[PDB]
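Q: Dropping the structure in here first, questions after.
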Ligand code: NA
Ligand code: NA
Ligand code: NA
Ligand code: NA
Ligand code: NA
């Protein structure tokens, strides 16, 4: 009965990790047994910054080896760094790593990906290939800024083409200088047909936790 | 002109240097004595020096004012935000039918090439129920895709190409706009896009002018 969510962004640097920490915080506060994986990571803090962020959200209940399989140091590709260092980001190895968690006593398993939907894992594979092999739903994090509507709709359409369920989308309103935030969110909802699951801003709010909790119910 | 070739120019994101590429395409035509026109039917972002939008001014300057602002643009907004949002706030309807008529009305002119510069990405909205793609579909013309090479460009370029392919829209070519010389692994990213998409890059444009630039850009038109 374990719920599973593969977390992707609409672009690189949409605050996806920040959202993962908020989802972890909701589970922890509700005494829900959860785990958040970061199977592929880049950019060192010994451990990568996103790996450290997730371990810190769980108050070190888990280890880096329990959540991460492969790490890169340059903030470009995991995939271009993988080719430069002569290592592979293998779909089968990542699939086995994630599916191995399915018999743990968890209510929810989150899997934070390595950027966008078609972020490559090689010059012949993308993150979609892994998500499609897993046959699990996606949680899409959209950073609200000029151009986000095009990126959010493109990502939702690609998911639809490959019959990957969209469990929900989250508006990361990480920049209060962006004008017409509410209008951009309403447009994405209208054009996509998906109501926004949660509107998260820098200003901490309990509605964030109420809305985030509903994704998990 | 019955022989007129048409190209709808779109970007992988809102600020990818689309207009700079359009000015280079105009320059190749002007130099080869090819009769061309470049439209910017929907524009946003006021010029630094006039009441007109910056992209409208760039196109007019590229043609040395052989055309008027009314010939190249139908709808303009001062704010550099999603055009449909300003349109809704200012009681302006961005209509697919009106844009289609504005563009198709140029087809009886003595032009060898018609460029139409779009207003952001493929799915940038024109309203709460339409996007740029609806106009492109209605026009039945090929697209030129401008991709700014930067981290995240692979995902955006592949998503845009796949959306074109789903709606049976011809991709005339994609251009790598290497507008930021500080970006790491530029050739590796272009190579990844070519291998995953199946489309060889039509032209690699950098901050420094090159012979390859004009040869490659000319080949898109021939
Ligand atoms: Na296991
Ligand atoms: Na493949
Ligand atoms: Na589907
Ligand atoms: Na006419
Ligand atoms: Na529609």
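Counting begins at 1 with the first residue displayed.
Every residue, even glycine, has its Cβ placed from backbone N, Cα and C.
From Swiss-Prot, for reference:
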{"type": "ACT_SITE", "residues": "B:40", "note": "active site"}
{"type": "BINDING", "residues": "B:15, B:16, B:17, B:18, B:19, B:20, B:55, B:117, B:118, B:119, B:120, B:177, B:178", "note": "ATP binding site"}
{"type": "BINDING", "residues": "B:19, B:55, B:117", "note": "Mg(2+) binding site"}
{"type": "BINDING", "residues": "B:44", "note": "substrate binding site"}
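Straight from the PDB entry, here's the annotation block:
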{"type": "SEQADV", "residues": "B:1-3", "note": "expression tag"}
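I'd like to know what surrounds each of these features in this structure.
A: Secondary structure from DSSP puts residue B:40 (active site) in coil.
Look at residue B:120 (ATP binding site): DSSP puts it in coil.
Around the Cβ of residue B:55 (ATP binding site), a 10 Å sphere holds 25 further Cβ atoms from the protein chains shown.
Sequence-distant neighbours of residue B:44 (substrate binding site) (same chain, 6+ apart, CB under 8 A from its CB) are B:53, B:76, B:77, B:78, B:79, B:80, B:81, B:83, B:86, B:119.
Long-range contacts of the expression tag (B:1-3) within the same chain: residues 107-112, each at least 6 residues beyond the stretch ends and with a Cβ under 8 Å from a Cβ of the stretch.
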Q: Please report the Cα separation of residue B:55 (ATP binding site) and residue B:40 (active site) in Å, rounded to an integer.
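A: The Cα atom of residue B:55 (ATP binding site) is 7 Å away from the Cα atom of residue B:40 (active site).
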Q: How many other Cβ atoms are found within 10 Å of the Cβ atom of residue B:117 (Mg(2+) binding site), counting all protein chains shown?
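A: Residue B:117 (Mg(2+) binding site): 29 neighbouring Cβ atoms within 10 Å.
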Q: Taking the Cα atoms as reference points, how far is residue B:40 (active site) from residue B:19 (ATP binding site) in Å?
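A: Residue B:40 (active site) and residue B:19 (ATP binding site) have their Cα atoms 9 Å apart.
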Q: Can you tell which of the binding-site residues (B:17, B:120) has the fewest other C-beta atoms within 10 angstroms of its C-beta?
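A: Candidates: the binding-site residues B:17, B:120. Fewest Cβ atoms within 10 Å: B:17.
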Q: Over the span of the expression tag (B:1-3), count residues by DSSP class, listing helix, strand and coil in order.
A: 0 helix, 0 strand, 3 coil
Q: In the three-state scheme derived from DSSP, which category covers residue B:178 (ATP binding site)?
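A: DSSP assigns residue B:178 (ATP binding site) to strand.
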